[PDB]
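# Quick check, what structure comes out for this input:
(3 chains, ligands or ions: 4)
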Amino acid sequence: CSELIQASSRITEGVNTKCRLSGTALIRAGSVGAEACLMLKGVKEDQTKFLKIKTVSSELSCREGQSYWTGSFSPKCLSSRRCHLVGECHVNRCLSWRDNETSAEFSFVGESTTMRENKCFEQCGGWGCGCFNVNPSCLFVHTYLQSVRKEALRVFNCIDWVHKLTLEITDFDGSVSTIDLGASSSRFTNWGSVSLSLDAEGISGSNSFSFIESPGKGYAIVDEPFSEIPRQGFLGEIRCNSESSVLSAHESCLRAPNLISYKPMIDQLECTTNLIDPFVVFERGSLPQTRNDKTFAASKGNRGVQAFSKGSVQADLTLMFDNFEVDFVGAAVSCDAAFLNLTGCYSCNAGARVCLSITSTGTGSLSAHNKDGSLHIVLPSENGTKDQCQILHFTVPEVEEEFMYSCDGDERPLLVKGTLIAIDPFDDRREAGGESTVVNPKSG
Amino acid sequence: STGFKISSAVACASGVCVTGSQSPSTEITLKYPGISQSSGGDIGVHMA
Amino acid sequence: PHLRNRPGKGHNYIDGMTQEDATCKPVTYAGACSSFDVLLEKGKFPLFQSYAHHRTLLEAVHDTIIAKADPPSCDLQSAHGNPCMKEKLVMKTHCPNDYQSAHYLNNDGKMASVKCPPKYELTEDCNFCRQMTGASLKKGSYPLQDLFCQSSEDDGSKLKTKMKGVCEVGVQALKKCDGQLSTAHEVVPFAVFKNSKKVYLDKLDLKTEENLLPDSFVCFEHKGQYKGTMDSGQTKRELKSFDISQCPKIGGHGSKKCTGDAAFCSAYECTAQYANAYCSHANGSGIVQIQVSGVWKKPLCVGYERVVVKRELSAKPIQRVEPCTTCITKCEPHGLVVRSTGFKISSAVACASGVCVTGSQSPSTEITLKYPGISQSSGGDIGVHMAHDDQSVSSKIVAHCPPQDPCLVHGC
Ligand SMILES: *[C@@H]1O[C@H](CO)[C@@H](O[C@@H]2O[C@H](CO)[C@@H](O[C@@H]3O[C@H](CO)[C@@H](O)[C@H](O)[C@H]3NC(C)=O)[C@H](O)[C@H]2NC(C)=O)[C@H](O)[C@H]1NC(C)=O
Ligand SMILES: *[C@@H]1O[C@H](CO)[C@@H](O[C@@H]2O[C@H](CO)[C@@H](O[C@@H]3O[C@H](CO)[C@@H](O)[C@H](O)[C@H]3NC(C)=O)[C@H](O)[C@H]2NC(C)=O)[C@H](O)[C@H]1NC(C)=O
Ligand SMILES: *[C@@H]1O[C@H](CO)[C@@H](O)[C@H](O)[C@H]1NC(C)=O
Ligand SMILES: *[C@@H]1O[C@H](CO)[C@@H](O)[C@H](O)[C@H]1NC(C)=O
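Numbers count the residues shown, from 1 in each chain, chains lettered A, B, ... in the order given. Ligands and ions are numbered 1, 2, ... in the order given. Take a look at the structure below.
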């Protein structure tokens, strides 16, 4: 499918004399679920090492910007009522009480890291009230917030979305390699590095929603702009910088003015507040939600969020210094192959699925090539009988071809039959295409 | 879906996925993802 | 001064230099030990000052955690003509004045030391001995390296130094290299495990986990305290060390009543009577584990050194040679056509005696361009500069053509 003649080396009998193949390869990445093929040709009926690049999936990952944490909080109040001229019950001190200054009555609290505030309220003054003096008495209140539930939620926003391609690197003699990479980025794998161009689109705009993450539980979407300043009656009215601060109600957490409602009725004070439960909002908007045809959802492995939108990209990945050769592969192996069936469509991004029954005596590959060399089929061969499958592209309603198949041995013919279904576009001018297309919603 | 209603859902089959949105209901129908309808196989479904 | 409540025996002295046994045998809050007080100076030995409640090198030696090397300290007075001063000469140290000895952890993982002849002192680089008249040498030995040790049973016989791009670090010859060798002095962290040698590390990823073993508790007592050791009138308020082996374990037997904080009461049995000592939990102690090769292990000692490392900058920065000629250039009456075998051509330009002509097209194996000036009529040599999709292909080629006939070009 693609040779390395300008950098090919002698890959002596039996032993390997690879010379660290340095020539880079420029081949177009296959569509989603397709594969990219390489040719390492040595001596006929020998060598024929195949490097494959499976295209697992293409996702529109999120690039998070600012973030914070929040939880559920409830207040507790301590009250102390003193008559006039007792302690700091002077009226001038009474109205001018700073919220961050603690009264002397609540000194057993002492120094604490909890979020807290202090208020002073004037009351009646007179023998009916309980004090001989007729000037107004004072009531000192110290309130501190405490976390109700032992959980926290992280609220963030996606400034932009980035295309992200997942590849499965079927390396020479072993396919234990899976990598993930973005636009104009390279990953230092074995035998050198693999780079991705993806020159079509490196971004897919922005958004004006917010996202919630519950660790170990999933994600969710809330339909409000991400606000960096706390606001009463909204999400993130009390926000922190870490899960520990939320779970401990640390004083470093920020909050809006006037969240606590005070009821200084004459019998006992009532300290209470109405707070948006972040867990309720999190459960309301679990991730599989579609907004103006975007359908955000959890990325595979639940490490983030996606964005399924109509579109496509062009990906041209490049290898470099690809050198992975051994000596034991000098021995030859024979197989037996049997055509199984053919399904799928033509001229479609999904492509056509072929399947082949390989009856082989050992480890090996398959190198079926058509008469004109346009279409290539590669499938591993294993001991006994196995059923493998591959993805190809066609442009004919009916498929009837012959391929020259041989696993490092004698050349044999393989004949493929079957037809292909026609995809209804409901609107066609010239053709569909075969580029790399991202997942799209139905309403798009 | 017996009991719980489904509003929006997505179905993935070998990379390609297809979404669907509807009012909360005990059942939901979606377009087939790619050639999974022709090729059968196993299709994953994620719904809310 | 809680840091002077040493774990274990706390014997901060070296063999031979036993003239300070009053205060260097078990180090307590009272006295002053020359081989220990240097560790607590601000700005010096920060790694140990962080892990202040772990054993030192001498403490580890006296607890049989770390062995003593062959010729434990070959005296320069009697063995200055022997190949002793070899691992020390590759380190860059700095000793203060009036010190007659200095100990370090050698390559094998044992403790060695350098001792000057009597009345001599180690110079500022600890490499030479010099004599000063009327000078009072300190009775201890200067710790050369910044390290802390602990007791471990984890095996490390398969552990070895794995440093990338390093031909030789310290006294260890990692490999054999030829060519350029960037030689310098660098600060390399190192660890020592059980049944192994020194292991230099590229990165220091270590974590500590707490426990309730006796080494994790600091037990003290007051001087002049009622019904305790040293029960006599005192003129000063000073503390005294206590041995935790006396306080009974929970659901067990013991010889002394013993009280403490929450952790001690959870681990040991706190008394309900008048207590004989107070046992707090260690500020920082525990078990330290080092990440080597991506897996955590329990090291005997952890420290860092300033040793001479030889690196290889590069074998070859980059090789750019591309005499590629895998294309055919032929001048045609319709236009100047070049067919590039393999690599596709998107845009190209042609030069012919100053005048140039450009062309743009989709990436393809061939491209056609208008002739530059009168080169079509005059023939000659025309240069071509094209942009290929691949690499390692020459972008400058030359095409020789004879004079052409425009009659076929404009024929209609
Ligand atoms: C065209 O041939 C294909 C190749 O045989 C068929 O596609 C796949 O064949 C596999 C076996 O050859 C099946 O594997 C089985 O899958 C089920 C679950 O799907 C597992 O429980 C089985 O263990 C597994 N193996 C066996 C031996 O059963 C695949 O299921 C199958 N893919 C499908 C059915 O989508 C095609 O079925 C076939 N098509 C036609 C029209 O003939
Ligand atoms: C009109 O007369 C001109 C003058 O002779 C010709 O133009 C040039 O003539 C040179 C020799 O007189 C040629 O030089 C040769 O060039 C080639 C490569 O181009 C070299 O390898 C040779 O060493 C060099 N010398 C000799 C003796 O061959 C030029 O090539 C030539 N220019 C061209 C051909 O473009 C014209 O050719 C001529 N025209 C007509 C229509 O008669
Ligand atoms: C009365 O006593 C209070 C303390 O209860 C004290 O703060 C206040 O200053 C006193 N007033 C006087 C002495 O006038
Ligand atoms: C917080 O309290 C301190 C001391 O009580 C005071 O100095 C400071 O001004 C207060 N901060 C305010 C009022 O913002």
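# alpha carbons only for contacts and neighbour counts from here, please
OK.
# Need the three-state assignment for residue A:93.
helix (DSSP: H, G, I helix; E, B strand; the rest coil).
# Around it, how many other residues sit close by?
Burial of residue A:93 is recorded as 12 neighbouring residues (other Cα atoms under 10 Å in any protein chain shown).
# Could you report the distance from it to chain C?
42 Å (Cα to the nearest Cα, to the nearest Å).
# Going by proximity to chain C, name the top residue of the stretch 301-444 of chain A.
residue A:318 (9.1 Å; Cα to the nearest Cα).
# With adjacent residues omitted, what lies nearest to whichever residue of the stretch 201-350 of chain A sits closest to ligand 1?
Nearest to ligand 1 in the stretch 201-350 of chain A, going by Cα to the nearest ligand atom, is residue A:341, at a distance of 4.9 Å. Excluding its sequence neighbours, the residue lying closest to residue A:341 (Cα to Cα, 6 or more residues apart in numbering or on different chains) is residue A:355, at 5.9 Å.
# Looks to me like that neighbour is in a helix.
No: going by three-state DSSP, the assignment for residue A:355 is strand, not a helix.
# That one contacts residue A:338, correct?
No: the pair residue A:355 / residue A:338 is not scored as a contact, 9.3 Å apart, by Cα atoms under 8 Å.
# who has more neighbours, those two?
Each of residue A:355 and residue A:338 has its neighbours counted (other Cα under 10 Å); residue A:355 has more, 17 against 14.
# before we move on, the earlier item: give the contact list for the residue nearest to residue A:341.
A:339, A:340, A:341, A:342, A:387, A:388, A:389, A:390 (Cα atoms under 8 Å, 6 or more residues apart in numbering or on different chains).
# Can you check these and name whichever has the most neighbours?
Most surrounded of those: other Cα under 10 Å gives residue A:342, at 19 neighbours.
# before we move on, what SS does residue A:246 have?
helix.
# Tell me if I'm right that it and residue A:68 touch.
No: when contacts are counted by Cα under 8 Å, residue A:246 is not listed as touching residue A:68 (10.0 Å).
# which stretches of the chain form helices?
Going with chain A. For chain A, applying DSSP state H gives helices covering A:91-95, A:243-248, A:278-284.
# oops, chain B please
Under DSSP H, chain B gives helices at B:36-39.
# any idea how far residue B:34 is from the residue nearest the centre of it?
The structure's chain B has its C-alpha centroid closest to residue B:11; by Cα atoms, centre = their mean the separation is 3.9 Å. Distance of residue B:11 to residue B:34, computed by Cα to Cα, to the nearest Å: 10 Å.
# Can you give me the distance of residue A:19 to chain B?
37 Å.
# who's in contact with the nearest residue to that residue once chain neighbours are set aside?
Distances taken as Cα to Cα, 6+ apart place residue A:9 nearest to residue A:19, at 5.8 Å, with adjacent residues excluded. Contact analysis of residue A:9 by Cα under 8 Å, 6+ apart lists A:17, A:18, A:19, A:21.
# quick one: contacts for whichever residue of chain B sits closest to ligand 3?
Relative to ligand 3, the nearest point of chain B is residue B:48 (63.2 Å; Cα to the nearest ligand atom). Contact analysis of residue B:48 by Cα under 8 Å, 6+ apart lists A:286, A:287, A:288, A:289, B:6, B:7, B:8, B:9.
# Do I have it right that the last one meets residue B:21?
To tie it back to what came earlier, the one meant is residue B:9. Yes: if you go by Cα under 8 Å, residue B:9 and residue B:21 touch, sitting 6.6 Å apart.
# Can you give the distance of the longest strand seen in chain B from its chain's centre?
As assigned by DSSP state E, the longest strand anywhere in chain B is strand B:16-25. Relative to the mean C-alpha coordinate of its chain, strand B:16-25 is positioned 6 Å out (Cα atoms, centre = their mean, to the nearest Å).
# Many thanks, have a good one.
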